[PDB]
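**Student:** Before we start, here is the structure in question, set down as structure tokens.
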Amino acid sequence: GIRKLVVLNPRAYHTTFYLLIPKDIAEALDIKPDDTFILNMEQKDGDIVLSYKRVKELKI
Amino acid sequence: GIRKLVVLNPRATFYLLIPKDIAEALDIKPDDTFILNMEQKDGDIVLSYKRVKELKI
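Protein sequence lines, in the order shown, are assigned to chains A and B.
Numbered by full-length UniProt numbering, the letters in the first sequence go through residues 4 to 16, 22 to 68 in order.
Numbered by full-length UniProt numbering, the letters in the second sequence go through residues 4 to 15, 24 to 68 in order.
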């Protein structure tokens with residue numbers, strides 16, 4: 004009856025934005041800098057969602 | 004039958028970029044709040060960052 008959820012803010016650096029990939033999580037799915045993701049804009053109950061899907065075929 | 008698409012790589024701590032165009036389109040602001048939901052699909056992971064309202068930080 005309980006779960007941890009991580010909250011975030013975009014990381015700014022015009023202005024470029026990024027989204028952190030939690031330490032512990034990156035280790036679980038063994039995220040490698042060469043991992044390839046395609047991003048899709050989606051929505052749920054009026055809340056925008058940015059889904060980053062990992063597709064191995066796209067690695068180079 | 005042609006198409007140009009953007010592919011993203013984790014940029015090292025790793026971060027994922029929010030393409031200028033999408034960021035603008037969705038009016039991303041540095042104080043927006045997102046929760047990170049994970050899902051499995053086509054045999055692989057998905058990092059869904061939902062921009063929520065009823066939360067802060």
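The C-beta atom is built at its ideal place from N, Cα and C for all residues, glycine as well.
Does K61 of chain B have its Cβ less than 8 Å from a Cβ in chain A?
**Tutor:** Your numbering for residue 61 of chain B matches position 50 in the second sequence. Yes, its Cβ sits closer than 8 Å to a Cβ of chain A.
**Student:** Starting from the beta carbon of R14 of chain A, find every residue of chain B whose beta carbon is closer than 7 Å, and list them in chain order.
**Tutor:** Residue mapping note: residue 14 of chain A aligns to position 11 of the first sequence, counting from 1. Correct list: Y26.
**Student:** Using CA atoms only, rank isn't needed, just tell me which of A:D43, A:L11, A:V10 is closest to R14 of chain B.
**Tutor:** On the second sequence, residue 14 of chain B is found 11 positions in, with the first residue counted as 1. Nearest option by C-alpha distance: A:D43.
**Student:** Taking Cβ to Cβ, would you say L11 of chain B is nearer than 8 Å to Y60 of chain A?
**Tutor:** Here residue 11 of chain B refers to the residue found at position 8 of the second sequence. Here residue 60 of chain A refers to the residue found at position 52 of the first sequence. In this structure, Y60 of chain A lies closer than 8 Å to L11 of chain B by Cβ.
**Student:** Residues of chain B with CB under 9 Å from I29 of chain A, in chain order?
**Tutor:** In the first sequence, residue 29 of chain A corresponds to position 21, counting from 1. Chain B residues near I29 of chain A: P13, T24, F25, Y26, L27, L47, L58.
**Student:** I'd like the list of long-range same chain contacts for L37 of chain B, defined as Cβ closer than 8 Å, with 5 residues on each side in sequence excluded.
**Tutor:** Position 26 of the second sequence, counted from the start, is the residue given in the question as residue 37 of chain B. Within the same chain, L37 of chain B has close Cβ partners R62.
**Student:** Could you give the C-beta distance for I29 of chain B and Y26 of chain A, rounded to a whole number, given that I count them as a contact under 8 Å?
**Tutor:** As a first step, residue 29 of chain B must be located in the second sequence, where it is residue number 18. As a first step, residue 26 of chain A must be located in the first sequence, where it is residue number 18. Yes, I29 of chain B and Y26 of chain A are in contact; Cβ-Cβ is about 7 Å, under 8 Å.
**Student:** With a threshold of 8 Å between beta carbons, is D55 of chain A in contact with chain B?
**Tutor:** For the purposes of this step, residue 55 of chain A is identified with residue 47 of the first sequence, where counting begins at 1. Yes - at least one Cβ of chain B is within 8 Å of the one on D55 of chain A.
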